[PDB]
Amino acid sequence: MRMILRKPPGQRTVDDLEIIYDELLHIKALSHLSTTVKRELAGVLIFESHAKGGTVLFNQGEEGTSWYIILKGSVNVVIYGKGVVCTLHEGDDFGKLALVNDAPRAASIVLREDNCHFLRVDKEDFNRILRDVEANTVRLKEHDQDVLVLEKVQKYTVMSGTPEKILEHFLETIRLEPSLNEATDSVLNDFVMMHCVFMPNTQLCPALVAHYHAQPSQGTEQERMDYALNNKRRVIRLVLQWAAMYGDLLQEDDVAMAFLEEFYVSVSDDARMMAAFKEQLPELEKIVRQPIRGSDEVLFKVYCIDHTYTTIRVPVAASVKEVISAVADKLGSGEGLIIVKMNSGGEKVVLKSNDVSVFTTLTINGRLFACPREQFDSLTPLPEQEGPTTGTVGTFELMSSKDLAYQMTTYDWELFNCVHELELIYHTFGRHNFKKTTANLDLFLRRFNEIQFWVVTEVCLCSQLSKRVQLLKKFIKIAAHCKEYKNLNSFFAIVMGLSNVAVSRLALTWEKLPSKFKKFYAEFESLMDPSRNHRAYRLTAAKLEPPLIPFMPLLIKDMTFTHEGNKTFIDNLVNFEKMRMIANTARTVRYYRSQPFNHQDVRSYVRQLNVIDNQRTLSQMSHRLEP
């Protein structure tokens, strides 16, 4: 029987094959496989025996050349810097992952006891017989607990795991070959972007240092020297991807800056001592409207009930508690203050002590108040919040439809490029969990409402019916030019401004508009159809090439539902499937901004819009234009 299984595949007789197959039916690791597959395995499966305990089957870092099943005895799963991570017993299988993913061995396999018997299937035989069929979940275990879970979604991709193991996995699988520069960066991108959710810098940076100084516990001098050197090369590569993702946002993180500065010292010292990192060292040397930073300071007015204000000077990323403290300093008080946002319409929201960087989350005409709780209900809006009482048609009517749309898209692109990718992550998962600003995203999202209410404001302040018809015509044209420039955001903003209750009410204005523009607008309204998950918009945006501004409210929706629709943790492990989905949505934004975009008075107007955002006021103005 053992002799039969020791014979080379091409030396096995028909009767040998029949006897082997009968034995394969008792092996539980194969029981989920078909008759067809098990007959093919009968002329491929190799019997392997080793007598000594402590005998090495294979080492961490080596090529995955075999898949194993244990017939008798037990083995230790051994990892550098961790020792025996777990033990596999009779009936268990190992070695699939490296084989299928064409990745290095993530662990060493060492015999636990004397006299162990194995069934082996080598690579080319595994790939033609078992690759698609043997689709068991790969579960890597430490301390009798799952630590990494991988599945066929063709390679096994990470579904869940601990932050440490996920990091270990993505480090080890880095391919340093120059022809794979793009492929390596793409694989790393998910972790590099999403780590702030499950493994903040306070944890990651110490883990990176430890990994950089990790030494192998097996092999000849040269073998150990080579592994450690390539390990270092991999860590540097990850650090480079990590530093590139943050860009200028590193300055906001003292821990990350300290890590990088010390990491550069480490790498440069090692480079000159070992004659290595000749390509990577200079790359690392480089790193060691403008975007608003969290550490930037603002002069912000915080209002009292009697409409007097205190001017505070605090960082953009300051918490509400820090704001309360700053207000209390200048007013010389120690009597329970709360911070409340107030709309132009008198709508009030109490801000929680926990909230950070609230200055940019106000509505267009919103203001910040500080008062004892007893005053909350008695607060009333400021005159400055209620918006203009006279239009500006006499200014922008003299301006070209093309010129206005172009200056809007230019300004919109400056605001859109000010938004860092990580702000989308911070906004979705909650700013307080990161203590980071989303000021650039906040101001860009507010821009959509600014444009919308600009349309409604000018229409509602236009007393003369004839000129009001000229306004509807002009806004429709500005929208058309915006759509041509691929600024879909400002396009939908104008269209929705025309759709506003106060504007759609004006039958006498719409009626007198030429049917050419009636049909143009009706076509724009159909692009807004929420039917089949906004299919009309989604197809429109999909057809377009890179330099484009997407419909931002729908992007915020996608992100919201990705976060709420999916658990961050599954069985106390990071749900990396969720992490990928969020990252994909953020990469969609990156794709939109992958290509650049190709009259001072028009510029000045577009960038200094004064707007009414009080809907009651706008409806009242509408009702007296056309009763």
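In case it trips you up, residue 1 is the first one in the sequence shown, and so on.
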In the deposited sequence, how many residues between residue 288 and residue 289 have no modelled coordinates (none, 1 to 3, 4 to 9, 10 or more)? 10 or more
Look at the stretch from residue 153 to residue 154 and count the residues of the deposited sequence that the entry does not model, then pick none, 1 to 3, 4 to 9, or 10 or more. 10 or more
Mean Cα B-factor comparison, 614 to 622 or 19 to 27, giving the higher one as deposited: 19 to 27
Comparing 444 to 452 with 250 to 258, which stretch shows the greater average C-alpha B-factor in the deposited entry? 250 to 258
Could you check 523, 306, 386, 221 and tell me which one carries the biggest Cα B-factor in the deposited entry? 523
Using the entry's values, work out which of 161, 178, 346, 206 has the largest Cα B factor. 178
Taking the chain's C-alpha temperature factors as the reference, tell me which third residue 589 falls into: lowest, middle or highest. middle
Compare the C-alpha B factor of residue 568 with those of the other modelled residues in its chain, then answer lowest, middle or highest third. lowest
Split into thirds by Cα B-factor across the chain's modelled residues, where does residue 52 land: lowest, middle or highest? highest
Assigned third (lowest, middle, highest) for the C-alpha B factor of residue 230: lowest
Among all modelled residues of this chain, ranked by Cα B factor, put residue 577 in the bottom, middle or top third, i.e. lowest, middle or highest. lowest
